[PDB]
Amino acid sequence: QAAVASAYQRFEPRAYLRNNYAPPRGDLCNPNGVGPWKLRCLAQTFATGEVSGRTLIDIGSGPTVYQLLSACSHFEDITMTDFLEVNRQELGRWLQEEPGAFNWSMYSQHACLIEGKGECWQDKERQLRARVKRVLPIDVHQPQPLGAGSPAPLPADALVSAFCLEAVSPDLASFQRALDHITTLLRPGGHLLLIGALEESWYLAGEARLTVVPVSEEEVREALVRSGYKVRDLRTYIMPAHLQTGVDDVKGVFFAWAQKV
């Protein structure tokens, strides 16, 4: 992981956001787009109402919040995390509504649209901003991901992770441990909403050029099982030609709803 942590030193938030959350990938008007698909996944899952609790931790958040727009309405205590201060500064820049904050409103609007509870998007961002108490550092490679004195309520009633594990591990085995490490932050019976890349080996972020470990849905399933989870749901989005730009070589996106037994 020496090489890994060494590559993310050049990782630029603004470029990453521009590469994955601005058009075309950041267009939500097209129903078949990858953004609507992800929001539908989270919305639908929480819509079952069978994923609930007090505290929630977002593993490997980076500069994005979209992954919590639906969840933020089922957990009062939300803990966001990331390995780079640079990302925690960008996140903060959005949370404290500072200047130069990324514009996630398209994603907020689409979440309100999908949930169908007549909620305006300003009110949703408001609620999300309120339930996010802290933004802490994390290293999914450490046996104890958050360290020791962490202000984060452990265990957590639920964990949310999108595009992290596979993007920070050099091999399957490394990805397999990384999963276990965060699985220690969840109480049994708890839930895991995991989103990740499929068969991707690299992606860019400004000056950074990161190496990803190419995982398949079958391997993701097998690792969840081989980690103490029951697969409640496992979905695959096959990346469409028009969303295959020069920013990476991702072939698809997966969503898994896993419960720690």
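Take the two forms, find the largest set of C-alpha atoms that superpose within 1.5 Å, and that set is the rigid core. A residue's number is simply how far along the shown sequence it sits, counting from 1.
Farther-lying stretch by C-alpha RMS in 9 other deposited structures of this protein (rigid core fit) among 209-217, 189-197: Comparing 189-197 with 209-217, the one that moves more in 9 other deposited structures of this protein is 209-217.
Higher-deviation segment by CA RMS in 9 other deposited structures of this protein, core fitted, 199-207 or 32-40: Between 32-40 and 199-207, the one lying farther away in 9 other deposited structures of this protein is 199-207.
Per the entry, higher mean C-alpha B factor between 193-201 and 45-53: Per the PDB record, 45-53.
Mean C-alpha temperature factor, higher of 8-16 and 241-249: Taking the mean C-alpha B-factor of 8-16 and of 241-249, the larger value falls to 8-16.
Selection from 111, 167, 185, 128 [criterion: highest C-alpha temperature factor in the record]: Out of 111, 167, 185, 128, the record gives the largest C-alpha B-factor to 185.
Candidate set 121, 163, 102, 83 [ranked by C-alpha B-factor, highest]: Comparing C-alpha B-factors across 121, 163, 102, 83, the maximum falls on 83.
Position of residue 40 among the chain's modelled residues by C-alpha B-factor, lowest, middle or highest third: Its C-alpha B-factor, which the entry lists for residue 40, ranks in the lowest third among residues of this chain.
Record-listed C-alpha B factor of residue 178: chain third: CA B-factor rank for residue 178: highest third.
Among modelled residues of the same chain, the CA temperature factor third for residue 213: It falls in the middle third of the chain.
Third of the chain's Cα B-factor distribution that residue 78 belongs to, per the entry: It falls in the top third of the chain.
For residue 154, the third of its chain into which the C-alpha B factor falls: Its C-alpha B-factor belongs to the highest third of this chain's values.
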